[PDB]
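Shown below: start.txt, with compact mmCIF, N, CA and C atoms.
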# COMPACT_ATOMS: atom_id res chain seq x y z
N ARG N 112 -49.28 157.79 9.86
CA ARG N 112 -50.14 157.71 11.05
C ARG N 112 -50.43 156.28 11.50
N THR N 113 -50.52 155.34 10.55
CA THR N 113 -50.61 153.91 10.89
C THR N 113 -49.28 153.37 11.42
N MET N 114 -48.15 153.80 10.84
CA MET N 114 -46.82 153.50 11.36
C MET N 114 -46.62 154.06 12.77
N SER N 115 -47.09 155.27 13.08
CA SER N 115 -46.89 155.86 14.40
C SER N 115 -47.72 155.18 15.50
N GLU N 116 -48.91 154.65 15.23
CA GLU N 116 -49.58 153.73 16.16
C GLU N 116 -48.75 152.47 16.44
N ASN N 117 -48.18 151.85 15.42
CA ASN N 117 -47.31 150.70 15.56
C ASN N 117 -46.06 151.04 16.38
N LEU N 118 -45.38 152.15 16.09
CA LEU N 118 -44.20 152.57 16.85
C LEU N 118 -44.52 152.92 18.29
N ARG N 119 -45.67 153.55 18.56
CA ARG N 119 -46.06 153.93 19.93
C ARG N 119 -46.37 152.73 20.81
N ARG N 120 -46.91 151.65 20.21
CA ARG N 120 -47.12 150.36 20.89
C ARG N 120 -45.78 149.65 21.08
N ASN N 121 -44.90 149.63 20.08
CA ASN N 121 -43.58 148.99 20.20
C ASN N 121 -42.71 149.68 21.25
N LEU N 122 -42.80 151.01 21.38
CA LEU N 122 -42.07 151.77 22.39
C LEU N 122 -42.59 151.44 23.79
N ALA N 123 -43.91 151.27 23.93
CA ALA N 123 -44.50 150.94 25.22
C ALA N 123 -44.19 149.48 25.59
N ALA N 124 -44.20 148.57 24.61
CA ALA N 124 -43.86 147.17 24.83
C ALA N 124 -42.38 146.98 25.19
N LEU N 125 -41.49 147.82 24.65
CA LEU N 125 -40.07 147.75 24.97
C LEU N 125 -39.87 148.18 26.41
N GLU N 126 -40.38 149.36 26.81
CA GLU N 126 -40.20 149.79 28.19
C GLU N 126 -40.89 148.83 29.17
N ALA N 127 -41.98 148.17 28.78
CA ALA N 127 -42.64 147.18 29.62
C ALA N 127 -41.71 145.99 29.91
N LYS N 128 -40.94 145.50 28.92
CA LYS N 128 -40.02 144.37 29.18
C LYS N 128 -38.73 144.83 29.85
N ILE N 129 -38.31 146.09 29.67
CA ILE N 129 -37.21 146.68 30.45
C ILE N 129 -37.61 146.78 31.93
N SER N 130 -38.84 147.24 32.17
CA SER N 130 -39.43 147.39 33.50
C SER N 130 -39.50 146.02 34.21
N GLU N 131 -39.95 144.99 33.49
CA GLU N 131 -40.02 143.62 34.00
C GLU N 131 -38.62 143.11 34.38
N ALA N 132 -37.63 143.31 33.51
CA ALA N 132 -36.27 142.84 33.77
C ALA N 132 -35.66 143.50 35.01
N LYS N 133 -35.98 144.77 35.26
CA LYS N 133 -35.51 145.50 36.44
C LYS N 133 -36.12 144.96 37.75
N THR N 134 -37.43 144.67 37.80
CA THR N 134 -38.01 144.06 39.02
C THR N 134 -37.38 142.68 39.27
N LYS N 135 -37.20 141.88 38.20
CA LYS N 135 -36.56 140.56 38.29
C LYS N 135 -35.13 140.68 38.82
N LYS N 136 -34.35 141.66 38.36
CA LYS N 136 -32.97 141.89 38.82
C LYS N 136 -32.91 142.05 40.34
N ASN N 137 -33.77 142.89 40.92
CA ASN N 137 -33.75 143.08 42.37
C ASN N 137 -34.03 141.77 43.13
N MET N 138 -35.03 140.99 42.72
CA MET N 138 -35.37 139.73 43.39
C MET N 138 -34.26 138.68 43.26
N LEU N 139 -33.62 138.58 42.10
CA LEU N 139 -32.55 137.62 41.87
C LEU N 139 -31.29 137.97 42.69
N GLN N 140 -30.92 139.26 42.73
CA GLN N 140 -29.81 139.72 43.58
C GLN N 140 -30.08 139.49 45.07
N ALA N 141 -31.31 139.72 45.54
CA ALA N 141 -31.67 139.47 46.93
C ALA N 141 -31.46 138.00 47.29
N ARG N 142 -31.95 137.07 46.46
CA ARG N 142 -31.77 135.64 46.70
C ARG N 142 -30.30 135.26 46.76
N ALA N 143 -29.45 135.87 45.93
CA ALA N 143 -28.03 135.56 45.92
C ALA N 143 -27.33 136.05 47.20
N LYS N 144 -27.72 137.23 47.71
CA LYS N 144 -27.21 137.75 48.98
C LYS N 144 -27.65 136.88 50.16
N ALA N 145 -28.91 136.48 50.19
CA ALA N 145 -29.47 135.62 51.23
C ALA N 145 -28.79 134.24 51.24
N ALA N 146 -28.66 133.61 50.07
CA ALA N 146 -28.04 132.29 49.95
C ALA N 146 -26.57 132.32 50.41
N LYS N 147 -25.83 133.39 50.11
CA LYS N 147 -24.45 133.55 50.59
C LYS N 147 -24.40 133.56 52.12
N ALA N 148 -25.30 134.33 52.74
CA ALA N 148 -25.35 134.43 54.19
C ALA N 148 -25.79 133.10 54.85
N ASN N 149 -26.81 132.42 54.31
CA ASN N 149 -27.28 131.15 54.86
C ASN N 149 -26.17 130.10 54.93
N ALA N 150 -25.43 129.94 53.83
CA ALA N 150 -24.35 128.97 53.76
C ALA N 150 -23.24 129.26 54.78
N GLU N 151 -22.77 130.50 54.85
CA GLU N 151 -21.71 130.88 55.78
C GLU N 151 -22.14 130.70 57.24
N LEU N 152 -23.35 131.12 57.60
CA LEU N 152 -23.83 131.00 58.97
C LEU N 152 -24.01 129.54 59.38
N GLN N 153 -24.71 128.74 58.58
CA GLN N 153 -24.96 127.34 58.90
C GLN N 153 -23.67 126.53 59.03
N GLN N 154 -22.76 126.66 58.06
CA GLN N 154 -21.50 125.92 58.09
C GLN N 154 -20.58 126.38 59.23
N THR N 155 -20.46 127.69 59.45
CA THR N 155 -19.58 128.22 60.50
C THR N 155 -20.03 127.78 61.88
N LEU N 156 -21.32 127.93 62.19
CA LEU N 156 -21.86 127.57 63.49
C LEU N 156 -21.77 126.07 63.75
N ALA N 157 -22.18 125.23 62.79
CA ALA N 157 -22.14 123.78 62.96
C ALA N 157 -20.71 123.26 63.20
N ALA N 158 -19.73 123.77 62.45
CA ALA N 158 -18.33 123.41 62.62
C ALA N 158 -17.77 123.85 63.98
N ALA N 159 -17.99 125.11 64.37
CA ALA N 159 -17.45 125.63 65.62
C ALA N 159 -18.06 124.94 66.86
N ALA N 160 -19.38 124.69 66.84
CA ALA N 160 -20.09 124.03 67.93
C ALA N 160 -19.64 122.58 68.15
N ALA N 161 -19.43 121.82 67.07
CA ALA N 161 -18.86 120.48 67.18
C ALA N 161 -17.40 120.51 67.69
N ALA N 162 -16.56 121.38 67.13
CA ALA N 162 -15.12 121.37 67.36
C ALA N 162 -14.71 121.78 68.79
N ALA N 163 -15.22 122.91 69.28
CA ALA N 163 -14.83 123.42 70.60
C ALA N 163 -15.32 122.51 71.74
N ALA N 164 -16.55 122.01 71.63
CA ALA N 164 -17.13 121.11 72.62
C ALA N 164 -16.36 119.80 72.73
N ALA N 165 -16.01 119.17 71.60
CA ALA N 165 -15.26 117.92 71.59
C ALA N 165 -13.87 118.08 72.22
N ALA N 166 -13.13 119.14 71.88
CA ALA N 166 -11.80 119.39 72.42
C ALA N 166 -11.81 119.57 73.94
N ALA N 167 -12.73 120.41 74.44
CA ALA N 167 -12.88 120.65 75.87
C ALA N 167 -13.29 119.37 76.60
N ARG J 112 -47.76 187.88 -34.77
CA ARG J 112 -48.62 188.06 -33.59
C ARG J 112 -49.38 186.79 -33.18
N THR J 113 -49.75 185.96 -34.15
CA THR J 113 -50.31 184.63 -33.85
C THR J 113 -49.24 183.67 -33.31
N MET J 114 -48.02 183.72 -33.87
CA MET J 114 -46.87 182.99 -33.34
C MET J 114 -46.53 183.42 -31.90
N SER J 115 -46.58 184.72 -31.58
CA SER J 115 -46.23 185.19 -30.24
C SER J 115 -47.26 184.80 -29.16
N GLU J 116 -48.56 184.70 -29.47
CA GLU J 116 -49.50 184.03 -28.57
C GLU J 116 -49.14 182.57 -28.30
N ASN J 117 -48.78 181.81 -29.33
CA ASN J 117 -48.34 180.43 -29.20
C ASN J 117 -47.06 180.33 -28.36
N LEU J 118 -46.05 181.16 -28.61
CA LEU J 118 -44.81 181.16 -27.83
C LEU J 118 -45.04 181.57 -26.38
N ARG J 119 -45.92 182.54 -26.12
CA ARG J 119 -46.19 183.00 -24.75
C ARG J 119 -46.90 181.95 -23.89
N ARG J 120 -47.75 181.13 -24.53
CA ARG J 120 -48.38 179.96 -23.88
C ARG J 120 -47.36 178.85 -23.69
N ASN J 121 -46.51 178.56 -24.68
CA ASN J 121 -45.48 177.52 -24.55
C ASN J 121 -44.45 177.86 -23.47
N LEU J 122 -44.10 179.14 -23.31
CA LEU J 122 -43.18 179.61 -22.28
C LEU J 122 -43.81 179.44 -20.89
N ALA J 123 -45.12 179.72 -20.78
CA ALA J 123 -45.82 179.57 -19.51
C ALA J 123 -46.00 178.09 -19.16
N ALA J 124 -46.29 177.25 -20.16
CA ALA J 124 -46.44 175.81 -19.97
C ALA J 124 -45.11 175.14 -19.59
N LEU J 125 -43.98 175.65 -20.10
CA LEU J 125 -42.67 175.12 -19.76
C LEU J 125 -42.37 175.44 -18.31
N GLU J 126 -42.47 176.70 -17.89
CA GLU J 126 -42.19 177.03 -16.50
C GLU J 126 -43.17 176.33 -15.55
N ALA J 127 -44.41 176.08 -15.97
CA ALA J 127 -45.38 175.34 -15.17
C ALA J 127 -44.90 173.91 -14.89
N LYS J 128 -44.31 173.21 -15.88
CA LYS J 128 -43.82 171.84 -15.63
C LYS J 128 -42.46 171.84 -14.93
N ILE J 129 -41.64 172.88 -15.08
CA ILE J 129 -40.43 173.07 -14.27
C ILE J 129 -40.81 173.28 -12.79
N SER J 130 -41.82 174.11 -12.55
CA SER J 130 -42.36 174.42 -11.23
C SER J 130 -42.89 173.14 -10.56
N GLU J 131 -43.64 172.32 -11.31
CA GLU J 131 -44.16 171.04 -10.83
C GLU J 131 -43.01 170.09 -10.44
N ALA J 132 -42.00 169.97 -11.29
CA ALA J 132 -40.87 169.08 -11.03
C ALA J 132 -40.11 169.48 -9.76
N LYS J 133 -39.99 170.79 -9.49
CA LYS J 133 -39.34 171.30 -8.28
C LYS J 133 -40.12 170.97 -7.00
N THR J 134 -41.45 171.13 -6.97
CA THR J 134 -42.22 170.72 -5.77
C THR J 134 -42.09 169.20 -5.55
N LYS J 135 -42.15 168.41 -6.63
CA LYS J 135 -41.99 166.95 -6.56
C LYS J 135 -40.61 166.58 -6.00
N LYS J 136 -39.54 167.26 -6.44
CA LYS J 136 -38.18 167.02 -5.95
C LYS J 136 -38.09 167.13 -4.43
N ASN J 137 -38.64 168.19 -3.84
CA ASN J 137 -38.60 168.34 -2.39
C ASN J 137 -39.30 167.18 -1.66
N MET J 138 -40.49 166.78 -2.10
CA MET J 138 -41.25 165.69 -1.47
C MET J 138 -40.53 164.33 -1.60
N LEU J 139 -39.94 164.05 -2.76
CA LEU J 139 -39.23 162.79 -2.99
C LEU J 139 -37.95 162.70 -2.15
N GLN J 140 -37.18 163.79 -2.07
CA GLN J 140 -36.00 163.85 -1.19
C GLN J 140 -36.36 163.70 0.29
N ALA J 141 -37.45 164.31 0.74
CA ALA J 141 -37.91 164.17 2.12
C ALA J 141 -38.20 162.70 2.45
N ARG J 142 -38.95 162.01 1.59
CA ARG J 142 -39.25 160.59 1.80
C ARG J 142 -37.99 159.74 1.87
N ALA J 143 -36.97 160.06 1.07
CA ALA J 143 -35.73 159.30 1.08
C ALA J 143 -34.94 159.51 2.38
N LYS J 144 -34.92 160.74 2.90
CA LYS J 144 -34.30 161.05 4.20
C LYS J 144 -35.02 160.35 5.35
N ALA J 145 -36.35 160.38 5.35
CA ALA J 145 -37.18 159.74 6.36
C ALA J 145 -36.99 158.21 6.35
N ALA J 146 -37.05 157.59 5.17
CA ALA J 146 -36.89 156.15 5.03
C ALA J 146 -35.51 155.68 5.51
N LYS J 147 -34.45 156.46 5.24
CA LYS J 147 -33.11 156.15 5.75
C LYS J 147 -33.09 156.12 7.28
N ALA J 148 -33.70 157.12 7.91
CA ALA J 148 -33.74 157.21 9.36
C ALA J 148 -34.60 156.09 9.98
N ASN J 149 -35.78 155.79 9.41
CA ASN J 149 -36.66 154.73 9.92
C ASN J 149 -35.95 153.38 9.98
N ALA J 150 -35.28 153.01 8.89
CA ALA J 150 -34.57 151.74 8.81
C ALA J 150 -33.46 151.63 9.86
N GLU J 151 -32.60 152.65 9.96
CA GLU J 151 -31.50 152.64 10.92
C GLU J 151 -31.99 152.58 12.36
N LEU J 152 -33.00 153.37 12.72
CA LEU J 152 -33.53 153.39 14.08
C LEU J 152 -34.19 152.07 14.45
N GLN J 153 -35.09 151.56 13.62
CA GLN J 153 -35.79 150.31 13.91
C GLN J 153 -34.84 149.12 14.03
N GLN J 154 -33.92 148.96 13.08
CA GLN J 154 -32.98 147.85 13.11
C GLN J 154 -31.98 147.96 14.27
N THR J 155 -31.44 149.15 14.52
CA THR J 155 -30.46 149.35 15.60
C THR J 155 -31.06 149.06 16.97
N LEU J 156 -32.24 149.62 17.26
CA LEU J 156 -32.89 149.43 18.55
C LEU J 156 -33.30 147.98 18.77
N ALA J 157 -33.94 147.34 17.79
CA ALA J 157 -34.38 145.96 17.92
C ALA J 157 -33.21 144.99 18.18
N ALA J 158 -32.10 145.16 17.45
CA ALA J 158 -30.90 144.36 17.63
C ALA J 158 -30.26 144.57 19.01
N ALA J 159 -30.06 145.82 19.42
CA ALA J 159 -29.41 146.12 20.70
C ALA J 159 -30.23 145.65 21.91
N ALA J 160 -31.55 145.84 21.86
CA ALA J 160 -32.47 145.44 22.92
C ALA J 160 -32.52 143.91 23.12
N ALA J 161 -32.55 143.14 22.03
CA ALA J 161 -32.45 141.69 22.12
C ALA J 161 -31.08 141.23 22.65
N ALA J 162 -29.99 141.79 22.12
CA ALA J 162 -28.64 141.30 22.37
C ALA J 162 -28.14 141.53 23.81
N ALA J 163 -28.26 142.75 24.32
CA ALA J 163 -27.75 143.08 25.65
C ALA J 163 -28.54 142.36 26.77
N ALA J 164 -29.87 142.30 26.63
CA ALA J 164 -30.73 141.63 27.59
C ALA J 164 -30.43 140.13 27.68
N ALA J 165 -30.29 139.45 26.54
CA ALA J 165 -29.99 138.02 26.51
C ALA J 165 -28.63 137.70 27.17
N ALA J 166 -27.59 138.46 26.86
CA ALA J 166 -26.25 138.26 27.43
C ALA J 166 -26.24 138.41 28.96
N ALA J 167 -26.84 139.49 29.46
CA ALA J 167 -26.93 139.75 30.89
C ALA J 167 -27.75 138.66 31.59

Write out the structure in this file as structure tokens.
Amino acid sequence: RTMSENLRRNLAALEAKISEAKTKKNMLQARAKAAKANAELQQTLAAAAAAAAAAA
Amino acid sequence: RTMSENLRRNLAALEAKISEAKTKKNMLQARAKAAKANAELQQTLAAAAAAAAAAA
């Protein structure tokens, strides 16, 4: 019965850090998707706007 | 007839300690099965939970 209090806390502490890792996963993946889009948009627009205007 | 009272008590005392040893056998075997399972579960879960999370 003393062991089962210890196991019931260890089981709750394990799912608590699994739960934490899952919320972190969503936020980290979101930042990676956003950063991919920011780089492509900024570089593509700046290059095209300089290039077409100068040629014309 | 005095010998047969002595033998009838010795026969009952023998089966009484055989009976005791049999109840003890079941409890000792149960603890050994439980202890085997506790060790494997605790060590396996703790190792896997640390290892997979760190790598990812």

How close does each residue of chain J get to chain N, giving the shortest atom pair and distance in Å to one decimal for every residue with an atom at most 10 Å away, counting only C-alpha atoms, sorted by chain and residue number, as a tab-separated table?
residue	atom	partner	partner_atom	distance
J:153	CA	N:118	CA	9.2
J:156	CA	N:125	CA	9.8
J:157	CA	N:125	CA	9.2
J:160	CA	N:125	CA	8.2
J:164	CA	N:132	CA	8.4

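Put simply, CA of residue 142 (chain J) is 14.6 Å away from CA of residue 112 (chain N).
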
**Request:** Between CA of residue 135 (chain N) and CA of residue 163 (chain J), measure the distance and give it in Å to one decimal.
**Result:**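 Computing it gives 15.6 Å between the two atoms.
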
**Request:** Just give me the gap between atom N of residue 116 (chain N) and CA of residue 165 (chain J) in Å, one decimal is fine.
**Result:** 27.6 Å

Reconstructed N, CA, C and O atoms for region 112-137 of chain N, given as a tab-separated table (two decimals), keeping the file's coordinate frame:
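See selection17.tsv below for the written result:
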chain	number	residue	atom	x	y	z
N	112	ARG	N	-49.28	157.79	9.86
N	112	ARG	CA	-50.14	157.71	11.05
N	112	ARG	C	-50.43	156.28	11.50
N	112	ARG	O	-50.52	155.99	12.69
N	113	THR	N	-50.52	155.34	10.55
N	113	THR	CA	-50.61	153.91	10.89
N	113	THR	C	-49.28	153.37	11.42
N	113	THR	O	-49.25	152.64	12.42
N	114	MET	N	-48.15	153.80	10.84
N	114	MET	CA	-46.82	153.50	11.36
N	114	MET	C	-46.62	154.06	12.77
N	114	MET	O	-46.06	153.37	13.62
N	115	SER	N	-47.09	155.27	13.08
N	115	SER	CA	-46.89	155.86	14.40
N	115	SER	C	-47.72	155.18	15.50
N	115	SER	O	-47.21	155.04	16.61
N	116	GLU	N	-48.91	154.65	15.23
N	116	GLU	CA	-49.58	153.73	16.16
N	116	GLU	C	-48.75	152.47	16.44
N	116	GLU	O	-48.59	152.07	17.59
N	117	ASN	N	-48.18	151.85	15.42
N	117	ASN	CA	-47.31	150.70	15.56
N	117	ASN	C	-46.06	151.04	16.38
N	117	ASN	O	-45.72	150.34	17.33
N	118	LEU	N	-45.38	152.15	16.09
N	118	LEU	CA	-44.20	152.57	16.85
N	118	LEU	C	-44.52	152.92	18.29
N	118	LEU	O	-43.77	152.58	19.20
N	119	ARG	N	-45.67	153.55	18.56
N	119	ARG	CA	-46.06	153.93	19.93
N	119	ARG	C	-46.37	152.73	20.81
N	119	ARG	O	-46.00	152.72	21.99
N	120	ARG	N	-46.91	151.65	20.21
N	120	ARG	CA	-47.12	150.36	20.89
N	120	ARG	C	-45.78	149.65	21.08
N	120	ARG	O	-45.53	149.13	22.16
N	121	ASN	N	-44.90	149.63	20.08
N	121	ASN	CA	-43.58	148.99	20.20
N	121	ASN	C	-42.71	149.68	21.25
N	121	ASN	O	-42.00	149.01	22.00
N	122	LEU	N	-42.80	151.01	21.38
N	122	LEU	CA	-42.07	151.77	22.39
N	122	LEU	C	-42.59	151.44	23.79
N	122	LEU	O	-41.80	151.23	24.71
N	123	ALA	N	-43.91	151.27	23.93
N	123	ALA	CA	-44.50	150.94	25.22
N	123	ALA	C	-44.19	149.48	25.59
N	123	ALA	O	-43.88	149.18	26.74
N	124	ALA	N	-44.20	148.57	24.61
N	124	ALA	CA	-43.86	147.17	24.83
N	124	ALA	C	-42.38	146.98	25.19
N	124	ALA	O	-42.05	146.11	25.99
N	125	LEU	N	-41.49	147.82	24.65
N	125	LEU	CA	-40.07	147.75	24.97
N	125	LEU	C	-39.87	148.18	26.41
N	125	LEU	O	-39.33	147.42	27.21
N	126	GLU	N	-40.38	149.36	26.81
N	126	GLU	CA	-40.20	149.79	28.19
N	126	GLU	C	-40.89	148.83	29.17
N	126	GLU	O	-40.38	148.63	30.27
N	127	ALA	N	-41.98	148.17	28.78
N	127	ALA	CA	-42.64	147.18	29.62
N	127	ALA	C	-41.71	145.99	29.91
N	127	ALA	O	-41.62	145.56	31.06
N	128	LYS	N	-40.94	145.50	28.92
N	128	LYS	CA	-40.02	144.37	29.18
N	128	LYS	C	-38.73	144.83	29.85
N	128	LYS	O	-38.14	144.06	30.60
N	129	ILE	N	-38.31	146.09	29.67
N	129	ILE	CA	-37.21	146.68	30.45
N	129	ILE	C	-37.61	146.78	31.93
N	129	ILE	O	-36.86	146.40	32.82
N	130	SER	N	-38.84	147.24	32.17
N	130	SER	CA	-39.43	147.39	33.50
N	130	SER	C	-39.50	146.02	34.21
N	130	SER	O	-39.08	145.89	35.36
N	131	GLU	N	-39.95	144.99	33.49
N	131	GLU	CA	-40.02	143.62	34.00
N	131	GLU	C	-38.62	143.11	34.38
N	131	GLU	O	-38.42	142.55	35.46
N	132	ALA	N	-37.63	143.31	33.51
N	132	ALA	CA	-36.27	142.84	33.77
N	132	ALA	C	-35.66	143.50	35.01
N	132	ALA	O	-34.96	142.84	35.78
N	133	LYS	N	-35.98	144.77	35.26
N	133	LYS	CA	-35.51	145.50	36.44
N	133	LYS	C	-36.12	144.96	37.75
N	133	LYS	O	-35.38	144.74	38.70
N	134	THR	N	-37.43	144.67	37.80
N	134	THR	CA	-38.01	144.06	39.02
N	134	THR	C	-37.38	142.68	39.27
N	134	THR	O	-36.97	142.36	40.39
N	135	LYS	N	-37.20	141.88	38.20
N	135	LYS	CA	-36.56	140.56	38.29
N	135	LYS	C	-35.13	140.68	38.82
N	135	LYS	O	-34.74	139.91	39.70
N	136	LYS	N	-34.35	141.66	38.36
N	136	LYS	CA	-32.97	141.89	38.82
N	136	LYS	C	-32.91	142.05	40.34
N	136	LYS	O	-32.10	141.38	40.97
N	137	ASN	N	-33.77	142.89	40.92
N	137	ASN	CA	-33.75	143.08	42.37
N	137	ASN	C	-34.03	141.77	43.13
N	137	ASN	O	-33.30	141.43	44.07
